[PDB]
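Worksheet: one structure, shown below.
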6 protein chains.
Amino acid sequence: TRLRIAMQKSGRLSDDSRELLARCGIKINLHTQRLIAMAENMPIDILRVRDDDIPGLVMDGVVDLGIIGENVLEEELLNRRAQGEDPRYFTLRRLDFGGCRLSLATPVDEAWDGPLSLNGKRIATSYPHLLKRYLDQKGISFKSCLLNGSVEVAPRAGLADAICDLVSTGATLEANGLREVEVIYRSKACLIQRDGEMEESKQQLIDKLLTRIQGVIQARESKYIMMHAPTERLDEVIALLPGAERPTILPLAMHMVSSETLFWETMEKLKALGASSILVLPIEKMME
Amino acid sequence: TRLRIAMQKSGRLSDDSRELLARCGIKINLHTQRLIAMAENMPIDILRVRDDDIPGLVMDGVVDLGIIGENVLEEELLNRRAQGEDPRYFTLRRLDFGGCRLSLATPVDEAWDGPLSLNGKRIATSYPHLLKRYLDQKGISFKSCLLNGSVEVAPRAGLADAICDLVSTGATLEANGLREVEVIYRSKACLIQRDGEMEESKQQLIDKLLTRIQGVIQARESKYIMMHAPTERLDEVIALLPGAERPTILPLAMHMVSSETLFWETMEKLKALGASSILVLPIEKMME
Amino acid sequence: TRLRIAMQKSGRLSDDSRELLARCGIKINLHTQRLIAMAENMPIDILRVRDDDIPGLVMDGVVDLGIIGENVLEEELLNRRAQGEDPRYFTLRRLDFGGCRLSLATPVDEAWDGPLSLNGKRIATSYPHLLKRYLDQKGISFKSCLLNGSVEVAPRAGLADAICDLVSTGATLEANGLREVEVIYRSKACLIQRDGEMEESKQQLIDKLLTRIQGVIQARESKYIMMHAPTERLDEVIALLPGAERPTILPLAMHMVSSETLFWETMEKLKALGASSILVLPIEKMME
Amino acid sequence: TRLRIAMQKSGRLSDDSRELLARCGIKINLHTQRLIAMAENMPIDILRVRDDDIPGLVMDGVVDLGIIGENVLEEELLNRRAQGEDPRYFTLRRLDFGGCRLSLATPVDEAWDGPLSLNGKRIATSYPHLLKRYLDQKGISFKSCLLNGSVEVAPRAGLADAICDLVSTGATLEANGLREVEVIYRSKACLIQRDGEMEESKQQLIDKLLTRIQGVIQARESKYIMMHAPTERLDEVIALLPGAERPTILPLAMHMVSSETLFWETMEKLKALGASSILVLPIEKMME
Amino acid sequence: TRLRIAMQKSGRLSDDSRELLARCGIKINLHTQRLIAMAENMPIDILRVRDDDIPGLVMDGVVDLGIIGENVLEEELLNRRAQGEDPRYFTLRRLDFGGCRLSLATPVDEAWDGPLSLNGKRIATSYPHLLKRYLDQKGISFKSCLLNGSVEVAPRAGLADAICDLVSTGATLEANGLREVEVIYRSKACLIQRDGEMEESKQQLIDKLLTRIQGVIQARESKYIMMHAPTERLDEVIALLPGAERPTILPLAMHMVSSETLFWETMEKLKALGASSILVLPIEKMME
Amino acid sequence: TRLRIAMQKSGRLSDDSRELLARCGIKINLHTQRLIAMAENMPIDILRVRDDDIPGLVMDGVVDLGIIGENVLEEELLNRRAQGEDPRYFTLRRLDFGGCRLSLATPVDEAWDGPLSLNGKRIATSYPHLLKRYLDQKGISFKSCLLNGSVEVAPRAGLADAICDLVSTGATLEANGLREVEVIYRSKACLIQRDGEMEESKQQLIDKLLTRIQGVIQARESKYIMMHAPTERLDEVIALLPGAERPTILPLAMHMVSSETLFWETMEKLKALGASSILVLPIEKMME
Ligand SMILES: Nc1ncnc2c1ncn2[C@@H]1O[C@H](COP(=O)(O)O)[C@@H](O)[C@H]1O
Ligand SMILES: Nc1ncnc2c1ncn2[C@@H]1O[C@H](COP(=O)(O)O)[C@@H](O)[C@H]1O
Ligand SMILES: Nc1ncnc2c1ncn2[C@@H]1O[C@H](COP(=O)(O)O)[C@@H](O)[C@H]1O
Ligand SMILES: Nc1ncnc2c1ncn2[C@@H]1O[C@H](COP(=O)(O)O)[C@@H](O)[C@H]1O
Ligand SMILES: Nc1ncnc2c1ncn2[C@@H]1O[C@H](COP(=O)(O)O)[C@@H](O)[C@H]1O
Ligand SMILES: Nc1ncnc2c1ncn2[C@@H]1O[C@H](COP(=O)(O)O)[C@@H](O)[C@H]1O
């Protein structure tokens, strides 16, 4: 049939996934209670499902493409491998959204001196396989304690010596007497392809879609920069701005496209280097 | 230590559970991000957790009481039993909230002639163990297809011949080309006790709490009814109103407490039986 | 086929209409985008439509029952009669919700001396037929100015000398330099039957439904009152409480059911008449 | 002119004040941006103002009645008295809403041994006069530190050794490293009259209004109770239920009106005393 | 007096209309309940009215300018013309918002072979005049069925063979057993002038306003594009980018202003044509 | 210790202040109930407090920097000076948000002929010190009437002849029978430093922070403009566009950075001066 892409129906990645495909020129209605939507022009099926189920759909080839976050995907990969299976998939690419970090946390009123210290302790978590891979690699053994939510209760409840959980502002942990202490895994949403052989047409589309994804991401990361021919030191400038597609010089400045962001520190440097009237303009779309 | 009761932190049973204990005279703050709250007077700890984790907490004796819905509890019971374990628990009582029904559903454009018809087919569901117990009992075998959400996609997506899911208004199914066809399990929230021996004091409290629960539930189910001494047929009246604690007769009506509800049909009957000016008054609290 | 009742899909009467039928024991789902819902038990079809269209649906017999407010219904009746037609309908009954009043309003900085004063003036309104019936009856002629909303602009905009509109708090008028000055029509929602002959079964149902409506309305209007045998003046008591179903006397008070409300003024009277410890208890349901 | 009652325009007492007067039979519109509303029937003016300004309006006789919470009123009384003035007012009555408590709080990681311990320390607060009256009475001196909000920062910010603030769930304090330790003042909304002589008519109204207030409050506090003639011990029953208007005895129970609430403990007692089928019914309105 | 512009008080065009005039440099307050607002500087009156009433206000010259959607305007034009009148107006211009499409729809389970097929059938709609103009032109006759909302009930309710309605996501139709089948009219908001002679001053303003409208629309549609002198094929480039105001060439790219949007397809072409690093930058304002 | 910056916890300046520091590269969590937050990298403490308390915190040196609006700051300055104190502070800079204006207002039905007219009258206000400074300077004396909110009641309530209050849309005043008549003070948020000597390190940071503030403000105010070498009149162009950093000329336009905004009037001029295709592009960040 036609192309089948799996995406989270409702949660942390849904708005962003919905948005990418639109931005890639994908007309489709998501204001519907229906879960398997046909795209209004391109021959594309979007299945709105639970994030938890995406890796597997992809690993069983029951869909061709999926948008899912690294942690979930990798957790389920290790799960099957621990059951003896050989799940297979192609990572087409890591995306520019969904960030999150999985971290070790311990009671605030206890000082920390590294992971070895956890040897023999009980750690609660929803990500048993990711935590085990990390400590194993580190030679540390531990007793797992499984919970699917509210993981932060574990310590103040006598369920564990410590926990491993998604953290961001760090609010919950403080409110639950714990503090971050080591990030063991950082994840982003990514785009994955099913295993096996792909037909000419749909693969042509997959290939096509990918490039539009690249452009959408570039455009939001990249910027158009305009300085001032600091003649001499002109060299040192370029090094702080990995343009990757050549500055343009003009007697009277410089005009170039930066893929990365101009953090204050970096501008702070340019300045002291003698650069004047530094400008950054947004780019709405780009094809390079 | 003191009494430990597990309840859903956020979802379908949280408001109602929060409400029962209040109604049972339990001062405690739930407007906090903290997950293990001490009750402001009674020596009680409330752990706000994921519903999915409650059965187990209870079955491992890591808490003493839990409020959780029948389906979730029974699903996890069958899960462990299938792994060879012997999870143990006391059901103190079934509650008056959390209702839901698990049902078989099939594509609307296909006619249905009972469960045998599913023999050999693939059914998708989040409740693999409850579905298997039901069909097994019925002698029907089937191929399971596991999803944790959006279960209704299965058919229109070539993943299954049919699904088994929580249904209520019936909205999703229609929007997903399916129709209900058989209810296989009806669930309500219930109150459960850990296995093992319980100390004097906390058990005294558990015992105490139970009675307050009974009164709160009675009061909302029961009503105060006032009719009119239909002298003769006076008998036939009582039969429609399972009072369970004796009518009261007065020459001039009747005044009694009904545990059940006065549905229209039932009042419709009383009437035709000759009963006049039938009244139903709410009861805010009761101790019987 | 089966019974067909028309109700407003979304607006001022929808919540209340939805509520009545439920209260009358009508299972049906309104959380759906579908507009012609079948009731889950009783053989009933509910068509969710625009209030504006209800009178006509009923007057063309394209449905059997409708819930619609008096003003809208009567406006459309006069509309057709002005076109030469003979729309026909039975009013089964006036309901206990939807109240509103249509009123004449004039610029605040102008003093008012009755309707005759409008003779020859221009009045803006969305209810041209109701306004015309009223002034005609009064012998006053006027120039109509039609608007379907924002009627209050008319004066401060040179479109009319005054307006006729739905008023309630009176907010808009003040904010638009106008003041109420005469109520010409007061409306409530009512229940109407199509013209023609009605089959046995569905009419049986219509007849049945009506009685449940009566009970629901009574119960919310009526109350259970308990005083104190003011022996002598005992007479004067009853007159302030149109019980309509006989007080009950007890030496030791009175116990009776009032259909109307006990306004302060009325209680204020009882009191001064020598009545003590006056009580009013809510009634949740009743069959008389 | 006519009667003038001051009430909070928006905040903690507004909904409840708005509600009382309605419940007292006061038609008036508060869905308006206008701040001095005339009541649609009774000759009453309602001024919607800042709670902070109410005491003074009342103490300057610029309005006749005010609804304001004890803490605010008493704080401003002490303020003026400290400036040398003699603000005067009549408390007509304490209401049944607005509860709150002003309390001393100190850093959690410090143990507490009573108020004397604060002698010589700095305490931050928005209620300098209420705190000073309390410690003065106790012989303790202290250094004040004034803030109008976010008072809980003081300690963790080096601004004070401790704070005195409105507390309820106790959330902020925990999130700010502090714990309650002594309640120094408990407040409720109350109803106050201006100083001076009051005219016949408006005073007649004030007098009238008061009684309706009493009835509204009684009705929500009081309940209708029905037990069972525990013949012998019949005595001991009455003592737990301060009826204040005589039980009613019936051979076959008891039927009476309790002004207070039936807490579990109290019902728990009745029970053990031999009382059976205890009932509590709501009262919607009452005139005693 | 001064200039009078009519706009929808609340609905689909209000936010956008409010926004245009602001963007055109029109200070005025719409956070008010007042319906005829004076603009804080320019001598302009804005009347906030019901969209339904705009065409007519304009056609009766009771205002000078109006913002209203094509369908509504044209429906009312045909309405009057059918009553024998000669409504007159100038279309100053079609705007860049308010899009919508009026379409024929038929039951999903029935296959479609063009409009002739409807000859003799009943079609329900709120736009009787637009539907009639379309089929008349096509030689097809039909029976109209008028509803002002919920038009999608018609078929599943036996009221019509099909419907003609505003469609967008296509949600309602599916939920009501219907599918789109032919778009008969596409509408956008437009700006219209009253008939008759216009004074010097206000016309000067109308003329002025128009140009600012043009600039606001251009700026949001147009973009600044930067490619790379693909020397040879340089020609073929320009054809895909209707610049309308001359590219700019630079040895080292191209820098130009496109009025239209760079759809993927078009960029896809440029690329394959040999164009590199294609950029699109937003334009916030422009005067050409 | 480290740097301490005071900001409003919740109100009119909080979102904007929160935003500036982020924009200045300040990582910190404000989704917390905690009031004294440490910034996740830079050695910075943010105290979330009541705006009313900021001036003083700064004037007592209990924090080093504060973001607070001019009116509040200046009101409290005059307050202390009237008590005999000598509060001291450095204004680092006026910001680009928080605008508001304090104005004299009088009953609509009374005509106005300047401030002298208020001599001897009573004016109500929350800003007694700012109003007094203004009229004093003008030689006018008056009687103050203090209120902390709902100041607009004063006139229609017999409390004052007129009021002085924050005005914006002008809604309240109209709804309270008043009209603006003279703006006496215009305020914006500003950034202030404590009095005294500042250490090397933190001052280094303060100095650093300031420059980032400048860039963030410039970027949002400034724009990138592109015209067309109107050769001759080329001169007259520059005068309308205070570039402050030199246009750039190109035979084929002009390319420059305007610090101010291109209002219509100004573009209207350029145009008539012969300028063509005028463009304005947003600037996201800049370092000059
Ligand atoms: N990025 C995320 N994706 C899924 N869950 C998350 C994510 N971030 C935080 N959570 C959950 O929300 C809480 C952490 O957020 P926070 O309190 O802001 O640090 C923890 O209980 C996490 O389990
Ligand atoms: N009572 C429930 N508890 C948990 N999930 C439910 C419950 N009821 C419905 N759901 C989920 O919500 C949808 C059914 O609701 P409905 O469309 O109203 O019939 C299905 O996808 C169910 O999986
Ligand atoms: N009961 C009602 N039903 C329909 N429209 C109403 C109703 N009441 C008020 N309106 C409209 O809302 C405004 C009146 O409400 P109010 O300002 O509260 O007096 C007027 O513009 C009326 O046209
Ligand atoms: N009843 C109240 N009236 C006015 N302010 C209050 C009241 N209760 C709490 N607050 C403020 O809100 C916070 C306390 O609420 P809580 O965190 O729930 O204990 C404190 O910062 C108080 O200053
Ligand atoms: N653009 C529109 N303007 C006015 N009404 C609309 C518009 N679009 C849709 N509607 C109404 O809303 C429903 C269609 O929206 P949808 O279900 O998203 O396709 C139909 O019932 C239409 O009558
Ligand atoms: N910028 C402001 N900052 C603080 N309070 C304000 C501000 N603007 C208006 N207010 C208050 O809100 C009302 C004025 O807003 P408006 O009715 O839109 O003109 C007055 O009662 C002011 O006291």
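Starting from 1 in every chain, residues are counted up; chains themselves are A, B, ... following the order of the structure tokens, and ligands are numbered from 1 as listed.
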Long-range neighbours of residue D:164 as a ChimeraX atom specification, 10 Å cut-off, only C-alpha atoms, 6 positions minimum in chain: /D:102-106,123-128,130-131,151-152,180,182-184
Could you make a table, as CSV, of the residues of chain E that have an atom within 12 Å of an atom of chain F, each with its nearest atom pair and distance in Å to one decimal, counting only C-alpha atoms, in chain and number order?
```
residue,atom,partner,partner_atom,distance
E:22,CA,F:264,CA,11.6
E:23,CA,F:264,CA,9.8
E:24,CA,F:264,CA,7.9
E:25,CA,F:264,CA,7.1
E:26,CA,F:264,CA,10.6
E:27,CA,F:169,CA,10.3
E:28,CA,F:169,CA,8.6
E:29,CA,F:169,CA,6.2
E:30,CA,F:169,CA,8.8
E:31,CA,F:171,CA,7.5
E:32,CA,F:171,CA,6.4
E:33,CA,F:171,CA,9.2
E:34,CA,F:171,CA,9.8
E:37,CA,F:171,CA,11.8
E:39,CA,F:169,CA,11.7
E:40,CA,F:169,CA,10.1
E:208,CA,F:268,CA,9.7
E:209,CA,F:264,CA,10.6
E:211,CA,F:268,CA,9.9
E:212,CA,F:264,CA,7.9
E:213,CA,F:264,CA,11.3
E:215,CA,F:278,CA,10.0
E:216,CA,F:264,CA,10.8
E:218,CA,F:279,CA,10.8
E:219,CA,F:279,CA,8.6
E:220,CA,F:281,CA,11.5
E:222,CA,F:279,CA,10.6
E:223,CA,F:281,CA,9.8
E:224,CA,F:281,CA,9.0
E:243,CA,F:277,CA,11.8
E:244,CA,F:277,CA,11.0
E:245,CA,F:277,CA,8.2
E:246,CA,F:252,CA,10.5
E:247,CA,F:252,CA,10.1
E:248,CA,F:252,CA,7.3
E:249,CA,F:252,CA,8.3
E:250,CA,F:252,CA,9.5
E:255,CA,F:253,CA,11.6
E:256,CA,F:277,CA,10.9
E:257,CA,F:277,CA,9.3
E:258,CA,F:277,CA,11.9
E:280,CA,F:281,CA,11.6
E:281,CA,F:281,CA,8.0
E:282,CA,F:281,CA,6.6
E:283,CA,F:281,CA,5.0
E:284,CA,F:281,CA,5.4
E:285,CA,F:280,CA,5.1
E:286,CA,F:279,CA,4.5
E:287,CA,F:278,CA,4.5
E:288,CA,F:277,CA,3.8
```
Backbone-only DSSP, helix (DSSP H, G or I) members of stretch 25-245 of chain B, as number ranges by chain: B: 51-59, 70-83, 115-118, 128-137, 153-156, 171-175, 200-221, 234-240
DSSP on the backbone: which residues in stretch 116-250 of chain F end up as strand (DSSP E)? Give the answer as an MDAnalysis selection string. chainID F and resid 122:125 143:146 162:167 178:187 189:194 223:226
Atomic distance atom CA of residue D:18 - atom CA of residue D:46, expressed in Å with one decimal: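 Atom-to-atom, atom CA of residue D:18 to atom CA of residue D:46, that is 9.9 Å.
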Between atom CA of residue B:2 and atom CA of residue B:41 - distance in Å to one decimal: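 It comes out at 11.9 Å.
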Can you pull out the residues contacting residue A:5? Cut-off 8 Å, using only C-alpha atoms, and skip same-chain residues under 5 positions away; I want them as a PDB file with N, CA, C and O atoms, in the first residue's frame.
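And here's part_27.pdb as it stands now:
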```
ATOM      1  N   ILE A  44       0.234   9.266   2.169  1.00  0.00           N
ATOM      2  CA  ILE A  44       0.767   8.963   3.493  1.00  0.00           C
ATOM      3  C   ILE A  44      -0.247   8.663   4.606  1.00  0.00           C
ATOM      4  O   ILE A  44      -1.201   9.392   4.805  1.00  0.00           O
ATOM      5  N   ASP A  45      -0.007   7.586   5.342  1.00  0.00           N
ATOM      6  CA  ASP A  45      -0.843   7.219   6.481  1.00  0.00           C
ATOM      7  C   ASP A  45      -0.209   7.554   7.816  1.00  0.00           C
ATOM      8  O   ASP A  45       0.890   7.118   8.117  1.00  0.00           O
ATOM      9  N   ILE A  46      -0.884   8.327   8.632  1.00  0.00           N
ATOM     10  CA  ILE A  46      -0.321   8.582   9.934  1.00  0.00           C
ATOM     11  C   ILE A  46      -1.120   7.874  11.013  1.00  0.00           C
ATOM     12  O   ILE A  46      -2.326   8.113  11.159  1.00  0.00           O
ATOM     13  N   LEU A  47      -0.439   7.008  11.765  1.00  0.00           N
ATOM     14  CA  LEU A  47      -1.073   6.236  12.834  1.00  0.00           C
ATOM     15  C   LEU A  47      -0.796   6.928  14.169  1.00  0.00           C
ATOM     16  O   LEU A  47       0.359   7.033  14.575  1.00  0.00           O
ATOM     17  N   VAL A  63       4.714  -0.855  10.417  1.00  0.00           N
ATOM     18  CA  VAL A  63       4.638   0.502   9.900  1.00  0.00           C
ATOM     19  C   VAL A  63       6.014   0.729   9.257  1.00  0.00           C
ATOM     20  O   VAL A  63       6.944  -0.050   9.536  1.00  0.00           O
ATOM     21  N   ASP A  64       6.188   1.760   8.421  1.00  0.00           N
ATOM     22  CA  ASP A  64       7.527   1.945   7.843  1.00  0.00           C
ATOM     23  C   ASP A  64       8.395   2.978   8.542  1.00  0.00           C
ATOM     24  O   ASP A  64       9.622   2.831   8.568  1.00  0.00           O
ATOM     25  N   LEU A  65       7.775   4.003   9.106  1.00  0.00           N
ATOM     26  CA  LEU A  65       8.536   5.032   9.795  1.00  0.00           C
ATOM     27  C   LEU A  65       7.892   5.390  11.101  1.00  0.00           C
ATOM     28  O   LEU A  65       6.686   5.298  11.243  1.00  0.00           O
ATOM     29  N   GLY A  66       8.712   5.813  12.059  1.00  0.00           N
ATOM     30  CA  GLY A  66       8.241   6.177  13.390  1.00  0.00           C
ATOM     31  C   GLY A  66       9.007   7.352  13.967  1.00  0.00           C
ATOM     32  O   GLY A  66      10.194   7.537  13.669  1.00  0.00           O
ATOM     33  N   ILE A  67       8.325   8.179  14.759  1.00  0.00           N
ATOM     34  CA  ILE A  67       8.978   9.284  15.464  1.00  0.00           C
ATOM     35  C   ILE A  67       8.833   8.952  16.922  1.00  0.00           C
ATOM     36  O   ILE A  67       7.735   8.826  17.391  1.00  0.00           O
TER      37      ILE A  67
END
```
Of the candidates F:254, F:198, F:78, F:163, which shows the shortest atom-to-atom distance to ligand 6, using only C-alpha atoms and all ligand atoms?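 Closest residue, counting only C-alpha atoms and all ligand atoms: F:163.
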Excluding residue C:195 and any residue of its chain fewer than 3 positions from it, enumerate the residues within 7 Å of it, using only C-alpha atoms, and give them as a PyMOL selection string. chain C and resi 59+61+88-90
Neighbours of residue D:91 within 7 Å (only C-alpha atoms; same-chain residues fewer than 6 positions away dropped), as a tab-separated table (two decimals) with N, CA, C and O atoms, in the first residue's frame?
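Result file follows (selection28.tsv):
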```
chain	number	residue	atom	x	y	z
D	191	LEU	N	-19.04	41.19	59.95
D	191	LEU	CA	-19.91	42.30	59.48
D	191	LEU	C	-19.85	43.48	60.45
D	191	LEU	O	-20.19	43.31	61.62
D	192	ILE	N	-19.40	44.66	60.01
D	192	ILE	CA	-19.27	45.82	60.92
D	192	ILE	C	-20.12	47.09	60.57
D	192	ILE	O	-20.35	47.40	59.38
D	193	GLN	N	-20.56	47.82	61.61
D	193	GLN	CA	-21.36	49.04	61.44
D	193	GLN	C	-20.57	50.34	61.73
D	193	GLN	O	-19.70	50.38	62.61
```
Between atom CA of residue B:79 and atom CA of residue B:145, measure the distance and give it in Å to one decimal.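 Atom CA of residue B:145 lies 15.9 Å from atom CA of residue B:79.
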